[PDB]
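Colleague: my_file-v2.cif is reproduced below (mmCIF, C-alpha atoms).
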data_upload
#
loop_
_atom_site.group_PDB
_atom_site.id
_atom_site.type_symbol
_atom_site.label_atom_id
_atom_site.label_comp_id
_atom_site.auth_asym_id
_atom_site.auth_seq_id
_atom_site.Cartn_x
_atom_site.Cartn_y
_atom_site.Cartn_z
ATOM 1 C CA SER A 1 -14.189 35.022 131.925
ATOM 2 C CA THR A 2 -11.229 32.872 130.921
ATOM 3 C CA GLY A 3 -8.129 31.438 132.536
ATOM 4 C CA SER A 4 -4.798 30.232 131.176
ATOM 5 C CA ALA A 5 -1.970 28.479 132.999
ATOM 6 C CA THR A 6 1.242 26.785 131.961
ATOM 7 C CA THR A 7 1.595 23.051 132.692
ATOM 8 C CA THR A 8 5.064 21.538 133.074
ATOM 9 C CA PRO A 9 6.345 17.948 133.032
ATOM 10 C CA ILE A 10 7.439 16.851 136.489
ATOM 11 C CA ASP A 11 10.568 15.086 135.188
ATOM 12 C CA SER A 12 12.590 14.244 132.086
ATOM 13 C CA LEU A 13 10.243 11.433 131.063
ATOM 14 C CA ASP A 14 6.974 13.409 131.132
ATOM 15 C CA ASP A 15 5.705 11.105 133.886
ATOM 16 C CA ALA A 16 3.052 13.685 134.796
ATOM 17 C CA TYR A 17 2.305 17.395 134.451
ATOM 18 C CA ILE A 18 1.916 20.038 137.139
ATOM 19 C CA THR A 19 0.064 23.364 136.952
ATOM 20 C CA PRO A 20 0.216 26.111 139.606
ATOM 21 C CA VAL A 21 -3.074 26.764 141.448
ATOM 22 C CA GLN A 22 -3.808 29.588 143.922
ATOM 23 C CA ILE A 23 -5.825 28.526 146.967
ATOM 24 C CA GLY A 24 -7.088 30.714 149.803
ATOM 25 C CA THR A 25 -6.535 34.284 151.027
ATOM 26 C CA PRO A 26 -3.767 35.290 150.939
ATOM 27 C CA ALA A 27 -2.982 32.951 148.054
ATOM 28 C CA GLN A 28 -1.208 29.642 148.712
ATOM 29 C CA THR A 29 0.217 28.350 145.447
ATOM 30 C CA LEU A 30 0.331 24.581 145.038
ATOM 31 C CA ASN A 31 1.411 22.638 141.971
ATOM 32 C CA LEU A 32 -1.456 20.303 141.122
ATOM 33 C CA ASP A 33 -1.816 17.415 138.686
ATOM 34 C CA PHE A 34 -4.785 18.346 136.439
ATOM 35 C CA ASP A 35 -6.609 15.062 135.970
ATOM 36 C CA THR A 36 -9.391 14.645 133.416
ATOM 37 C CA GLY A 37 -9.836 11.083 134.764
ATOM 38 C CA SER A 38 -11.043 12.046 138.254
ATOM 39 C CA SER A 39 -13.217 14.624 139.965
ATOM 40 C CA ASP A 40 -11.672 15.542 143.328
ATOM 41 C CA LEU A 41 -9.560 18.643 143.996
ATOM 42 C CA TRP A 42 -7.365 17.442 146.831
ATOM 43 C CA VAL A 43 -4.160 18.802 148.344
ATOM 44 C CA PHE A 44 -1.346 17.946 150.705
ATOM 45 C CA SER A 45 -2.087 19.999 153.801
ATOM 46 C CA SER A 46 -1.131 21.006 157.318
ATOM 47 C CA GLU A 47 -3.371 18.044 158.334
ATOM 48 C CA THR A 48 -1.377 15.440 156.393
ATOM 49 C CA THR A 49 0.323 12.851 158.592
ATOM 50 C CA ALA A 50 3.837 14.246 158.956
ATOM 51 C CA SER A 51 5.642 11.052 157.941
ATOM 52 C CA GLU A 52 3.670 11.130 154.670
ATOM 53 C CA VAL A 53 4.892 14.592 153.646
ATOM 54 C CA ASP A 54 8.307 14.621 151.932
ATOM 55 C CA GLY A 55 8.923 17.883 150.103
ATOM 56 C CA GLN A 56 5.432 18.777 148.887
ATOM 57 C CA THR A 57 3.991 22.225 149.383
ATOM 58 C CA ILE A 58 1.039 22.105 151.806
ATOM 59 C CA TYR A 59 -2.225 24.009 152.019
ATOM 60 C CA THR A 60 -2.800 25.388 155.543
ATOM 61 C CA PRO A 61 -6.531 26.200 155.808
ATOM 62 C CA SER A 62 -6.055 27.924 159.173
ATOM 63 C CA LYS A 63 -4.007 30.617 157.399
ATOM 64 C CA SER A 64 -6.694 31.277 154.799
ATOM 65 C CA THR A 65 -9.238 33.891 155.844
ATOM 66 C CA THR A 66 -11.711 32.582 153.244
ATOM 67 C CA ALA A 67 -11.400 28.867 154.195
ATOM 68 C CA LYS A 68 -14.515 27.339 155.796
ATOM 69 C CA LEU A 69 -14.691 23.773 157.101
ATOM 70 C CA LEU A 70 -17.432 21.850 155.340
ATOM 71 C CA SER A 71 -19.109 20.316 158.347
ATOM 72 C CA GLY A 72 -19.158 16.548 158.467
ATOM 73 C CA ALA A 73 -17.647 16.149 154.985
ATOM 74 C CA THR A 74 -14.945 13.605 154.248
ATOM 75 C CA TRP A 75 -13.413 12.169 151.109
ATOM 76 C CA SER A 76 -11.484 9.048 150.130
ATOM 77 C CA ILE A 77 -10.229 8.163 146.665
ATOM 78 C CA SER A 78 -8.379 5.189 145.143
ATOM 79 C CA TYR A 79 -6.852 5.532 141.696
ATOM 80 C CA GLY A 80 -6.306 2.986 138.945
ATOM 81 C CA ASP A 81 -2.562 3.006 139.664
ATOM 82 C CA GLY A 82 -3.103 1.702 143.205
ATOM 83 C CA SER A 83 -2.514 5.042 144.963
ATOM 84 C CA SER A 84 -4.984 6.655 147.350
ATOM 85 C CA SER A 85 -5.626 9.592 149.664
ATOM 86 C CA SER A 86 -8.317 10.777 152.085
ATOM 87 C CA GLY A 87 -9.207 13.603 154.438
ATOM 88 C CA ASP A 88 -11.667 16.356 155.284
ATOM 89 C CA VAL A 89 -13.056 19.248 153.232
ATOM 90 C CA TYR A 90 -12.916 23.062 153.192
ATOM 91 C CA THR A 91 -14.504 25.502 150.801
ATOM 92 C CA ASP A 92 -12.100 28.228 149.691
ATOM 93 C CA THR A 93 -11.236 30.513 146.807
ATOM 94 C CA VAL A 94 -9.364 28.732 144.004
ATOM 95 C CA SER A 95 -7.810 30.428 140.988
ATOM 96 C CA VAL A 96 -6.161 28.970 137.878
ATOM 97 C CA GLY A 97 -4.321 31.257 135.548
ATOM 98 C CA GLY A 98 -6.498 34.277 136.335
ATOM 99 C CA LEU A 99 -9.846 32.417 136.589
ATOM 100 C CA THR A 100 -11.357 32.432 140.095
ATOM 101 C CA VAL A 101 -13.963 30.203 141.781
ATOM 102 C CA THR A 102 -15.215 31.149 145.237
ATOM 103 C CA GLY A 103 -16.562 28.352 147.397
ATOM 104 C CA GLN A 104 -14.653 25.582 145.663
ATOM 105 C CA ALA A 105 -14.432 22.353 147.665
ATOM 106 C CA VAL A 106 -10.753 21.855 148.563
ATOM 107 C CA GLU A 107 -10.218 18.339 149.885
ATOM 108 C CA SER A 108 -7.489 18.467 152.513
ATOM 109 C CA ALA A 109 -5.506 15.246 152.863
ATOM 110 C CA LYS A 110 -5.087 13.576 156.231
ATOM 111 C CA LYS A 111 -3.584 10.471 154.611
ATOM 112 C CA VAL A 112 -1.797 9.804 151.321
ATOM 113 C CA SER A 113 -0.365 6.541 150.009
ATOM 114 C CA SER A 114 3.327 5.945 149.563
ATOM 115 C CA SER A 115 3.538 6.884 145.882
ATOM 116 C CA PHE A 116 2.216 10.355 146.618
ATOM 117 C CA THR A 117 4.705 10.801 149.482
ATOM 118 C CA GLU A 118 7.525 9.640 147.191
ATOM 119 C CA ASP A 119 6.671 12.212 144.511
ATOM 120 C CA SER A 120 7.771 15.563 145.901
ATOM 121 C CA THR A 121 6.690 17.429 142.733
ATOM 122 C CA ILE A 122 2.892 16.840 142.988
ATOM 123 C CA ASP A 123 1.075 18.798 145.706
ATOM 124 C CA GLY A 124 -2.337 17.290 144.901
ATOM 125 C CA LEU A 125 -4.775 16.715 142.098
ATOM 126 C CA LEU A 126 -7.327 18.928 140.363
ATOM 127 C CA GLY A 127 -10.035 16.676 138.933
ATOM 128 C CA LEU A 128 -11.638 17.609 135.601
ATOM 129 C CA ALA A 129 -13.850 14.552 134.908
ATOM 130 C CA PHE A 130 -17.569 14.784 135.615
ATOM 131 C CA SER A 131 -18.716 15.764 139.083
ATOM 132 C CA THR A 132 -20.698 12.525 139.427
ATOM 133 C CA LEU A 133 -17.378 10.857 140.325
ATOM 134 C CA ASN A 134 -16.569 13.229 143.200
ATOM 135 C CA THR A 135 -15.949 11.259 146.404
ATOM 136 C CA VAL A 136 -17.006 13.803 149.056
ATOM 137 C CA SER A 137 -19.546 12.319 151.484
ATOM 138 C CA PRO A 138 -22.254 12.783 152.559
ATOM 139 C CA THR A 139 -22.714 15.680 150.082
ATOM 140 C CA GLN A 140 -20.880 15.264 146.766
ATOM 141 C CA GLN A 141 -19.041 18.393 145.564
ATOM 142 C CA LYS A 142 -18.502 19.953 142.132
ATOM 143 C CA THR A 143 -15.264 20.161 140.161
ATOM 144 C CA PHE A 144 -13.461 23.425 139.519
ATOM 145 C CA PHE A 145 -14.606 23.375 135.868
ATOM 146 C CA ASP A 146 -18.211 22.640 136.856
ATOM 147 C CA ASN A 147 -18.190 25.616 139.237
ATOM 148 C CA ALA A 148 -16.518 27.930 136.689
ATOM 149 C CA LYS A 149 -18.516 26.818 133.634
ATOM 150 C CA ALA A 150 -21.391 29.279 133.730
ATOM 151 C CA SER A 151 -19.002 32.249 134.025
ATOM 152 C CA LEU A 152 -16.700 31.198 131.193
ATOM 153 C CA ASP A 153 -16.888 32.841 127.791
ATOM 154 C CA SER A 154 -17.460 29.334 126.333
ATOM 155 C CA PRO A 155 -18.081 26.207 128.477
ATOM 156 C CA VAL A 156 -14.821 24.512 127.511
ATOM 157 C CA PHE A 157 -11.330 23.833 128.646
ATOM 158 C CA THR A 158 -8.360 22.759 126.550
ATOM 159 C CA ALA A 159 -5.296 20.640 127.208
ATOM 160 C CA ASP A 160 -2.088 21.308 125.221
ATOM 161 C CA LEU A 161 0.522 19.140 126.866
ATOM 162 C CA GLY A 162 4.127 19.404 125.692
ATOM 163 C CA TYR A 163 6.631 16.654 124.930
ATOM 164 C CA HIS A 164 9.666 17.410 127.094
ATOM 165 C CA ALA A 165 8.460 20.981 127.275
ATOM 166 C CA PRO A 166 5.843 23.212 128.941
ATOM 167 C CA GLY A 167 2.309 23.391 127.667
ATOM 168 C CA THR A 168 -0.990 25.092 128.546
ATOM 169 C CA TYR A 169 -4.416 24.497 130.098
ATOM 170 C CA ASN A 170 -6.938 27.132 128.982
ATOM 171 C CA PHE A 171 -10.435 27.604 130.402
ATOM 172 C CA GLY A 172 -13.248 29.344 128.522
ATOM 173 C CA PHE A 173 -11.686 29.766 125.078
ATOM 174 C CA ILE A 174 -10.053 27.954 122.185
ATOM 175 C CA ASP A 175 -6.664 29.350 121.141
ATOM 176 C CA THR A 176 -6.906 28.927 117.375
ATOM 177 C CA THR A 177 -3.167 29.595 117.033
ATOM 178 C CA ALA A 178 -2.310 26.500 119.145
ATOM 179 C CA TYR A 179 -3.017 23.782 116.563
ATOM 180 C CA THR A 180 -2.801 23.071 112.845
ATOM 181 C CA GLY A 181 -5.645 22.089 110.582
ATOM 182 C CA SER A 182 -9.115 21.800 112.075
ATOM 183 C CA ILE A 183 -10.497 20.410 115.333
ATOM 184 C CA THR A 184 -12.504 17.211 114.862
ATOM 185 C CA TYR A 185 -15.174 16.707 117.500
ATOM 186 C CA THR A 186 -16.391 13.309 118.603
ATOM 187 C CA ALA A 187 -19.166 12.085 120.865
ATOM 188 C CA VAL A 188 -18.704 11.578 124.609
ATOM 189 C CA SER A 189 -20.497 9.217 126.965
ATOM 190 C CA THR A 190 -20.630 10.495 130.522
ATOM 191 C CA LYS A 191 -22.225 7.298 131.870
ATOM 192 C CA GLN A 192 -19.052 6.265 133.724
ATOM 193 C CA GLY A 193 -18.220 9.851 134.733
ATOM 194 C CA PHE A 194 -15.291 10.105 132.288
ATOM 195 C CA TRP A 195 -14.562 11.874 129.028
ATOM 196 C CA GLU A 196 -15.221 8.564 127.302
ATOM 197 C CA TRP A 197 -15.168 8.415 123.495
ATOM 198 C CA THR A 198 -14.628 5.998 120.609
ATOM 199 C CA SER A 199 -11.540 6.163 118.456
ATOM 200 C CA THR A 200 -12.087 4.978 114.904
ATOM 201 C CA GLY A 201 -8.869 2.919 114.649
ATOM 202 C CA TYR A 202 -5.111 2.979 114.500
ATOM 203 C CA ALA A 203 -1.945 2.562 112.461
ATOM 204 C CA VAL A 204 1.610 1.635 113.427
ATOM 205 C CA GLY A 205 4.356 3.711 111.793
ATOM 206 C CA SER A 206 3.731 3.984 108.039
ATOM 207 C CA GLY A 207 1.456 0.925 108.103
ATOM 208 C CA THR A 208 -2.117 0.427 106.933
ATOM 209 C CA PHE A 209 -4.768 2.136 109.060
ATOM 210 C CA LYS A 210 -7.010 -0.418 110.760
ATOM 211 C CA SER A 211 -10.630 0.711 111.202
ATOM 212 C CA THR A 212 -11.872 -0.578 114.521
ATOM 213 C CA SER A 213 -13.788 1.042 117.360
ATOM 214 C CA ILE A 214 -11.676 1.634 120.477
ATOM 215 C CA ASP A 215 -13.738 2.912 123.404
ATOM 216 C CA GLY A 216 -11.648 4.716 125.976
ATOM 217 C CA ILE A 217 -11.179 7.793 128.122
ATOM 218 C CA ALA A 218 -9.268 11.020 127.609
ATOM 219 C CA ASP A 219 -7.210 11.026 130.844
ATOM 220 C CA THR A 220 -4.592 13.690 131.489
ATOM 221 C CA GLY A 221 -3.789 12.075 134.875
ATOM 222 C CA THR A 222 -2.564 8.824 133.320
ATOM 223 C CA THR A 223 0.953 8.846 131.873
ATOM 224 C CA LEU A 224 0.750 6.113 129.235
ATOM 225 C CA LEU A 225 -1.519 4.946 126.395
ATOM 226 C CA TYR A 226 -3.434 1.785 127.404
ATOM 227 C CA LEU A 227 -5.057 -0.030 124.474
ATOM 228 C CA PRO A 228 -6.414 -3.543 123.699
ATOM 229 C CA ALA A 229 -3.872 -6.353 123.701
ATOM 230 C CA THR A 230 -4.289 -6.963 119.956
ATOM 231 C CA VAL A 231 -3.407 -3.343 119.152
ATOM 232 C CA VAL A 232 -0.471 -3.247 121.573
ATOM 233 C CA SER A 233 0.908 -6.508 120.204
ATOM 234 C CA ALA A 234 0.703 -5.128 116.665
ATOM 235 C CA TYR A 235 2.633 -2.025 117.752
ATOM 236 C CA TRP A 236 5.462 -3.786 119.609
ATOM 237 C CA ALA A 237 5.821 -6.420 116.869
ATOM 238 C CA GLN A 238 7.349 -3.631 114.784
ATOM 239 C CA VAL A 239 10.166 -3.012 117.309
ATOM 240 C CA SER A 240 13.050 -5.460 117.077
ATOM 241 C CA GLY A 241 13.688 -7.080 120.440
ATOM 242 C CA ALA A 242 10.561 -5.744 122.173
ATOM 243 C CA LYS A 243 8.726 -8.174 124.405
ATOM 244 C CA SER A 244 6.161 -8.261 127.176
ATOM 245 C CA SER A 245 7.935 -8.697 130.504
ATOM 246 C CA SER A 246 6.064 -10.279 133.375
ATOM 247 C CA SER A 247 8.607 -9.057 135.940
ATOM 248 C CA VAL A 248 8.523 -5.488 134.637
ATOM 249 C CA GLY A 249 4.757 -5.497 134.099
ATOM 250 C CA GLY A 250 4.509 -4.581 130.439
ATOM 251 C CA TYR A 251 6.260 -4.246 127.130
ATOM 252 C CA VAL A 252 9.950 -3.303 127.212
ATOM 253 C CA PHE A 253 12.333 -2.766 124.322
ATOM 254 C CA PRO A 254 16.058 -2.206 123.667
ATOM 255 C CA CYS A 255 17.018 1.342 124.554
ATOM 256 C CA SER A 256 18.990 1.456 121.263
ATOM 257 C CA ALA A 257 15.778 1.096 119.218
ATOM 258 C CA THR A 258 14.141 3.894 117.218
ATOM 259 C CA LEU A 259 10.420 3.539 117.801
ATOM 260 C CA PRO A 260 7.734 3.808 115.129
ATOM 261 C CA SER A 261 4.973 6.338 115.454
ATOM 262 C CA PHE A 262 1.417 5.395 116.484
ATOM 263 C CA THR A 263 -1.657 6.945 114.825
ATOM 264 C CA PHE A 264 -5.160 6.975 116.328
ATOM 265 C CA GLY A 265 -8.383 7.959 114.553
ATOM 266 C CA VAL A 266 -10.805 10.672 115.643
ATOM 267 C CA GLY A 267 -13.658 10.398 113.193
ATOM 268 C CA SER A 268 -12.033 10.660 109.788
ATOM 269 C CA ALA A 269 -9.135 12.620 111.280
ATOM 270 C CA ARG A 270 -5.829 11.197 112.481
ATOM 271 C CA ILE A 271 -3.544 12.038 115.377
ATOM 272 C CA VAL A 272 0.088 10.864 114.949
ATOM 273 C CA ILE A 273 2.096 10.170 118.126
ATOM 274 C CA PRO A 274 5.806 10.380 117.230
ATOM 275 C CA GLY A 275 7.822 7.323 118.160
ATOM 276 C CA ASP A 276 9.988 9.151 120.686
ATOM 277 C CA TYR A 277 6.842 9.943 122.760
ATOM 278 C CA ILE A 278 6.576 6.189 123.402
ATOM 279 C CA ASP A 279 10.036 5.834 125.035
ATOM 280 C CA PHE A 280 9.903 5.887 128.848
ATOM 281 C CA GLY A 281 13.582 5.185 129.414
ATOM 282 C CA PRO A 282 15.453 2.499 131.302
ATOM 283 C CA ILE A 283 13.413 0.063 133.338
ATOM 284 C CA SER A 284 15.865 0.573 136.233
ATOM 285 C CA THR A 285 18.826 2.932 136.570
ATOM 286 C CA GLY A 286 21.603 1.899 134.199
ATOM 287 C CA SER A 287 19.583 -0.745 132.336
ATOM 288 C CA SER A 288 19.692 -1.015 128.572
ATOM 289 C CA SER A 289 16.076 -2.235 128.517
ATOM 290 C CA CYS A 290 13.532 0.570 128.235
ATOM 291 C CA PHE A 291 9.871 0.815 129.235
ATOM 292 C CA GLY A 292 7.238 1.220 126.521
ATOM 293 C CA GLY A 293 4.671 4.003 126.517
ATOM 294 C CA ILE A 294 1.944 1.909 124.880
ATOM 295 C CA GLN A 295 0.697 -0.887 127.128
ATOM 296 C CA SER A 296 -2.185 -3.344 127.285
ATOM 297 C CA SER A 297 -5.463 -2.327 128.908
ATOM 298 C CA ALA A 298 -6.423 -5.986 129.313
ATOM 299 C CA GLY A 299 -6.211 -5.916 133.066
ATOM 300 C CA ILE A 300 -8.010 -2.536 133.364
ATOM 301 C CA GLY A 301 -11.472 -2.877 131.876
ATOM 302 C CA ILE A 302 -11.161 0.342 129.877
ATOM 303 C CA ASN A 303 -8.785 1.832 127.342
ATOM 304 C CA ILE A 304 -6.960 4.971 128.470
ATOM 305 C CA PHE A 305 -5.810 7.754 126.156
ATOM 306 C CA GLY A 306 -3.295 9.129 128.647
ATOM 307 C CA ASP A 307 -0.612 11.746 128.241
ATOM 308 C CA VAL A 308 1.325 9.765 125.592
ATOM 309 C CA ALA A 309 -1.666 10.185 123.260
ATOM 310 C CA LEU A 310 -3.010 13.518 124.472
ATOM 311 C CA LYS A 311 0.334 15.358 124.240
ATOM 312 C CA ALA A 312 0.344 14.655 120.493
ATOM 313 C CA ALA A 313 -2.839 16.716 120.127
ATOM 314 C CA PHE A 314 -4.580 19.920 121.078
ATOM 315 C CA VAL A 315 -7.579 18.579 123.015
ATOM 316 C CA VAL A 316 -10.876 20.366 123.635
ATOM 317 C CA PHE A 317 -12.985 19.223 126.572
ATOM 318 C CA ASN A 318 -16.330 20.703 125.534
ATOM 319 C CA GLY A 319 -18.756 20.992 128.456
ATOM 320 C CA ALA A 320 -21.727 22.125 126.354
ATOM 321 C CA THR A 321 -25.171 20.751 127.259
ATOM 322 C CA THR A 322 -24.163 17.591 125.421
ATOM 323 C CA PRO A 323 -20.403 17.296 126.079
ATOM 324 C CA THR A 324 -18.028 16.388 123.274
ATOM 325 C CA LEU A 325 -14.306 16.070 122.789
ATOM 326 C CA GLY A 326 -12.234 17.771 120.115
ATOM 327 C CA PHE A 327 -8.805 16.793 118.785
ATOM 328 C CA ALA A 328 -6.494 18.704 116.462
ATOM 329 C CA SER A 329 -2.961 18.031 115.349
ATOM 330 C CA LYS A 330 -0.376 20.586 116.426
#
Is it possible to give me this structure as C-alpha cells?
Modeller:
Amino acid sequence: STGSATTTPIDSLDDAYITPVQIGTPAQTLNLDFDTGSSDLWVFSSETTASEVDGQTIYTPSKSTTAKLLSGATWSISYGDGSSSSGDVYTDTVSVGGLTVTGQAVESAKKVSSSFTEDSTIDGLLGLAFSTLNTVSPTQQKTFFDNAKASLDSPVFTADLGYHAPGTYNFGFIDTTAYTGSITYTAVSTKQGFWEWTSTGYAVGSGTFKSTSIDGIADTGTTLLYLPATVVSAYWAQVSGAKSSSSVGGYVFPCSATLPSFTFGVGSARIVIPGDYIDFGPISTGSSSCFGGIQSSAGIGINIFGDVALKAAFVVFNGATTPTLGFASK
C-alpha cells in the first residue's frame, strides 16, 4: 500500500505545516502537524478543557463507532518549545492520503498549553520519530508509520515541504519526479529516538564550504534551523546590521536586507537553502527588524534541521531494518 497527502503552511511565514488526517468511523478530518521530532499522535478533542479550545477542530471519540478506550492509558508530552498537552487514549482507524491503519493509538487531549490554544490552525500532532519516544503509559504505543510499515510497498515516508506553497507527505514510495539529481543517503542513530544524523559541513552564500561534523535531527515539527553558535555567527556576520538580541531571543536583522543562502552537506552532496527561506518577518507587527530563521542551538543540547532546512530538500525517512535518511535537491 501507499498513501499521499498534501501538506500546507499554516500562515504566510511557513511557521508550521498541516496535513489532513481522517480519524474514526464515520471519518473526522483533523489538520495535524506531522512531526518527525516526536512520537505521539494526539488531537484536540471533545474532552479538551473548553477554555483551551479556540477554533480547532476536535475529535469526538463517542461519535466514532470504531473508537475503543484504551483502559488505564494516559499520555503527557512536553516539547522543546515549552508547549505541552496531556490526556487519555483511544484506538481508532486513522487514514492519511488513502493509507489506513486500524487500531492506531489516538491520544485525546484533556489539557493543552496556551500556545496550542492560541494556534487555531493545528488540531494536533502526528508523530513520526521512533516509537521509543511515545509517552503513553503504562503501555507505550506505536506511531502511525510504525503501524503502517509492514503493509507499505517500501518501508519509507518522504517529506517535500514547500516554501510559501503546498507540499506532500508520501508513505510507501519515492516519487522520483519530485527532486533533481540523486538522493544521497546518510546514517541515522536512533539512540535518542530521533532521526539523528551528521551533516558534513556548511557554507554561507557563495563562501568556502567548511567541512565539520554537525550532529542533529531531521525535525519537521520545528520551524527553524538550530545550529552551533560558531556556525550561526558565521552566517549572520554576512548580513549587514544583523545582531543577536537578548530581548527578542535570537538573531534579528534589518527587514530591508537580502539574505545570503545557507548550504549544508549530506555526505559529499550539498543542499542549498535560499536566503529568502531564512526571513521570518517582523519581530512584532510594524517593526522594521526581522527575525532570523537560523538560530543557535547552544541552549538546546542538540542541533535541529527544522523546516527551514528540510523545505529546501526532498527528504526520505527510510525505515528499513537499519534506518537511514536521504536528501535530494529539488
Colleague: With distances taken over all atoms listed in the file, which of A:237, A:5, A:183, A:133 is nearest to residue 171 in chain A?
Modeller: A:5
Colleague: Apply the PyMOL selection byres ((chain A and resi 36) around 8) to the structure shown and report the selected residues as an mmCIF file with C-alpha atoms, in the coordinates of the input.
Modeller:
data_model
loop_
_atom_site.group_PDB
_atom_site.id
_atom_site.type_symbol
_atom_site.label_atom_id
_atom_site.label_comp_id
_atom_site.auth_asym_id
_atom_site.auth_seq_id
_atom_site.Cartn_x
_atom_site.Cartn_y
_atom_site.Cartn_z
ATOM 1 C CA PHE A 34 -4.785 18.346 136.439
ATOM 2 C CA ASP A 35 -6.609 15.062 135.970
ATOM 3 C CA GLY A 37 -9.836 11.083 134.764
ATOM 4 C CA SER A 38 -11.043 12.046 138.254
ATOM 5 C CA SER A 39 -13.217 14.624 139.965
ATOM 6 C CA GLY A 127 -10.035 16.676 138.933
ATOM 7 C CA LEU A 128 -11.638 17.609 135.601
ATOM 8 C CA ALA A 129 -13.850 14.552 134.908
ATOM 9 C CA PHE A 194 -15.291 10.105 132.288
ATOM 10 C CA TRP A 195 -14.562 11.874 129.028
ATOM 11 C CA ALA A 218 -9.268 11.020 127.609
ATOM 12 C CA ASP A 219 -7.210 11.026 130.844
ATOM 13 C CA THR A 220 -4.592 13.690 131.489
ATOM 14 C CA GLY A 221 -3.789 12.075 134.875
#
Colleague: List the residues selected by the PyMOL selection byres ((chain A and resi 213) around 10) in the file shown, writing them as a ChimeraX atom specification.
Modeller: /A:197-202,210-212,214-216,265
Colleague: Rounded to one decimal, what separation in Å do you get between CA of residue 156 in chain A and CA of residue 328 in chain A?
Modeller: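 Straight-line distance from CA of residue 156 in chain A to CA of residue 328 in chain A works out to 15.0 Å.
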Colleague: Quick one: residues within 8 Å of residue 113 in chain A, all atoms listed in the file, excluding same-chain residues fewer than 2 positions away - as a count of residues only?
Modeller: 8
Colleague: In Å, rounded to a single decimal, give me how far CA of residue 297 in chain A is from CA of residue 120 in chain A.
Modeller: 28.0 Å
Colleague: Find the residues near range 61-67 of chain A: any atom within 10 Å, counting all atoms listed in the file, skip ones fewer than 3 places away on the same chain, and give them as a list in words.
Modeller: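 So, after excluding close chain neighbours, the residues are residues 23, 24, 25, 26, 27, 28, 45, 46, 47, 58, 70, 89, 90, 91, 92, 93, 102, 103, 104, 105, 106 and 108 of chain A.
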Colleague: When you count all atoms listed in the file, which of these residues is closest to residue 279 in chain A: A:159, A:135, A:330, A:14?
Modeller: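 Nearest candidate to residue 279 in chain A out of A:159, A:135, A:330, A:14: A:14.
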Colleague: Mind pulling up the distance from CA of residue 187 in chain A to CA of residue 325 in chain A?
Modeller: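 One can read the CA of residue 325 in chain A to CA of residue 187 in chain A distance as 6.6 Å.
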Colleague: Which one of A:228, A:97, A:205, A:241 sits closest to residue 20 in chain A if you count all atoms listed in the file?
Modeller: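 The closest residue to residue 20 in chain A is A:97.
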Colleague: A:319, A:17, A:112, A:280: which is nearest residue 79 in chain A, counting all atoms listed in the file?
Modeller: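 Smallest separation from residue 79 in chain A among the options: A:112.
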Colleague: Counting all atoms listed in the file, which residue out of A:284, A:240, A:206, A:186 sits closest to residue 269 in chain A?
Modeller: A:186
Colleague: Quick one: of A:226, A:42, A:251, A:314, who's nearest to residue 124 in chain A, counting all atoms listed in the file?
Modeller: A:42
Colleague: Using the partial input, fill out range 238-247 of chain A with N, CA, C and O atoms; write the result as a PDB file, in the coordinates of the input.
Modeller:
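Okay, this is what ended up in result10.pdb:
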ATOM      1  N   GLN A 238       6.518  -4.372 115.715  1.00  0.00           N
ATOM      2  CA  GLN A 238       7.349  -3.631 114.784  1.00  0.00           C
ATOM      3  C   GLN A 238       8.676  -3.169 115.378  1.00  0.00           C
ATOM      4  O   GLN A 238       9.463  -2.530 114.663  1.00  0.00           O
ATOM      5  N   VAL A 239       8.975  -3.509 116.630  1.00  0.00           N
ATOM      6  CA  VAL A 239      10.166  -3.012 117.309  1.00  0.00           C
ATOM      7  C   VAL A 239      11.052  -4.225 117.577  1.00  0.00           C
ATOM      8  O   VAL A 239      10.711  -5.092 118.382  1.00  0.00           O
ATOM      9  N   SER A 240      12.190  -4.299 116.904  1.00  0.00           N
ATOM     10  CA  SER A 240      13.050  -5.460 117.077  1.00  0.00           C
ATOM     11  C   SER A 240      13.509  -5.579 118.526  1.00  0.00           C
ATOM     12  O   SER A 240      14.071  -4.634 119.105  1.00  0.00           O
ATOM     13  N   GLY A 241      13.285  -6.758 119.094  1.00  0.00           N
ATOM     14  CA  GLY A 241      13.688  -7.080 120.440  1.00  0.00           C
ATOM     15  C   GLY A 241      12.673  -6.711 121.509  1.00  0.00           C
ATOM     16  O   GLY A 241      12.899  -7.035 122.686  1.00  0.00           O
ATOM     17  N   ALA A 242      11.554  -6.076 121.155  1.00  0.00           N
ATOM     18  CA  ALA A 242      10.561  -5.744 122.173  1.00  0.00           C
ATOM     19  C   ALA A 242       9.871  -7.012 122.647  1.00  0.00           C
ATOM     20  O   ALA A 242       9.659  -7.950 121.873  1.00  0.00           O
ATOM     21  N   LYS A 243       9.513  -7.040 123.929  1.00  0.00           N
ATOM     22  CA  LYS A 243       8.726  -8.174 124.405  1.00  0.00           C
ATOM     23  C   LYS A 243       7.963  -7.777 125.655  1.00  0.00           C
ATOM     24  O   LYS A 243       8.267  -6.781 126.296  1.00  0.00           O
ATOM     25  N   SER A 244       6.929  -8.539 125.972  1.00  0.00           N
ATOM     26  CA  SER A 244       6.161  -8.261 127.176  1.00  0.00           C
ATOM     27  C   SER A 244       6.806  -8.967 128.354  1.00  0.00           C
ATOM     28  O   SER A 244       7.003 -10.187 128.319  1.00  0.00           O
ATOM     29  N   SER A 245       7.179  -8.197 129.364  1.00  0.00           N
ATOM     30  CA  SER A 245       7.935  -8.697 130.504  1.00  0.00           C
ATOM     31  C   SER A 245       7.001  -8.853 131.690  1.00  0.00           C
ATOM     32  O   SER A 245       6.417  -7.874 132.157  1.00  0.00           O
ATOM     33  N   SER A 246       6.908 -10.078 132.208  1.00  0.00           N
ATOM     34  CA  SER A 246       6.064 -10.279 133.375  1.00  0.00           C
ATOM     35  C   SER A 246       6.676  -9.631 134.614  1.00  0.00           C
ATOM     36  O   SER A 246       5.947  -9.071 135.442  1.00  0.00           O
ATOM     37  N   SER A 247       8.012  -9.648 134.741  1.00  0.00           N
ATOM     38  CA  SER A 247       8.607  -9.057 135.940  1.00  0.00           C
ATOM     39  C   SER A 247       8.473  -7.546 135.912  1.00  0.00           C
ATOM     40  O   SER A 247       8.205  -6.922 136.943  1.00  0.00           O
TER      41      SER A 247
END
